[PDB]
Each structure stands twice: as structure tokens, then as C-alpha cells.
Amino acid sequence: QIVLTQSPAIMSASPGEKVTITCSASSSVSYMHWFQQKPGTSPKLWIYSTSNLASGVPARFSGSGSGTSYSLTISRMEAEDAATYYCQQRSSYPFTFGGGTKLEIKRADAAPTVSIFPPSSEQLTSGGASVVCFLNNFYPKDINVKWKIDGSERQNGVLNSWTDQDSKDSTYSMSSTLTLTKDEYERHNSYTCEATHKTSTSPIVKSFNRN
């Protein structure tokens, strides 16, 4: 089982940028294959036998290599090329895959739009309270969100989830949910969702008070 190591493991590239993805093999192989995957759909054959483009693959793509080092090259990065690329060898059993390289597209920076939501009354009937916060449509994806209860920073029970790049505007979104017991929720007054992003030196703050 020849082991395949891809490099880099994640990378963003501007439109028009030359992109090169490397596949290394623990032992020599005679060809490398490449597959494209976008979230939701099955892997698509991209390049077979080292430098042959599969049916439908546009010309800005190419492959090469030999021995223990092959590569895939996008001459000019395009939004539709943003996906995950796997290499595969078929020169010795068992056939093996690389770990994949996630490729993202760069776009203008964007401050998030931040919304905060107190517990639904229906949830509160059950003895449980979730404060949810939506940080929407920002770039880049690096972002800091923090929860303050009564002005005091809060670490437990916080749960975040980023979406992948939007297919429409290449932007990111993330949600941040702080979950509490209802008894506990009713103990404090102000609740704060606070986000710090490179698009500004002032954190974006959302708050509400109960009653």
C-alpha cells in the first residue's frame, strides 16, 4: 500500500492565479490519476494516466510527474475550479488515494452581518434555552466570535458551524449557539454575541436583554 501525501492540504487562490497541487508517493508509481469533488456530489474523474484530461475538463488543467512525485496544475484559477482534488495511484494493489487538497477562491474582503436570536418560547417551555447567533456573508473565513452573559465572557456550551464557500458569492457564514439550562438562562439579563474580523478593528456586537 503505497501512501500518497498531497501538498498543500488547503489553499485559497485568486481568480487568474496559477495553482499547483503536489502528490507524493512513498514508493514509485507509473501513473497518477486525479479526481475532483465538490460538496454533495460524488468524485468526478478529472485526469487519468498522468496528463490526460477527462471528458468535459477544460484546458486550463494539466498533469505531470513520474516516480514518486506528480502534480496537477490550474494555469488560471477560476471560481468553478474551487473544490477538493484527490490523487490516486493504480500501479500496485491496493490502490490508494491522497488525502485531498481543498482549493478555495479569493474575493473582496467582507464584514459579516451579525444577527442574534433569544430562545424561542417553545424551547423555553421545555426547560432549555439556546441563544443563536448568525454571522453571515463574510470574507475571509478567519473569524472570532465570543459570548458574554451580563458582560462577562462565556466559554462553556458554545457550539459553532461554518458553511463552505457560497457557490454564489464565494463568501463564508458561521453560526454560534450557546446552549443553557432554562433555570440558568432566567438568572441573567443581557446576552451578547461579539465578532472580530479583519474587515475592521472594532468588533461587531449584538445584544439583547430579557423582559
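All residue numbers refer to positions in the sequence shown, first residue = 1.
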{"item": "Of 154 to 162 and 25 to 33, the one with larger mean CA B-factor", "value": "154 to 162"}
{"item": "Higher-B stretch (mean Cα B-factor, as the entry records it), 42 to 50 or 166 to 174", "value": "166 to 174"}
{"item": "Candidate set 144, 68, 179, 64 [ranked by C-alpha B-factor, highest]", "value": "144"}
{"item": "Selection from 92, 120, 84, 113 [criterion: highest C-alpha temperature factor in the record]", "value": "92"}
{"item": "Chain thirds of CA B-factor: placement of residue 207", "value": "lowest"}
{"item": "Chain thirds of CA B-factor: placement of residue 74", "value": "highest"}
{"item": "Within-chain third of residue 19 by Cα B-factor, per the entry", "value": "highest"}
{"item": "Chain thirds of CA B-factor: placement of residue 195", "value": "highest"}
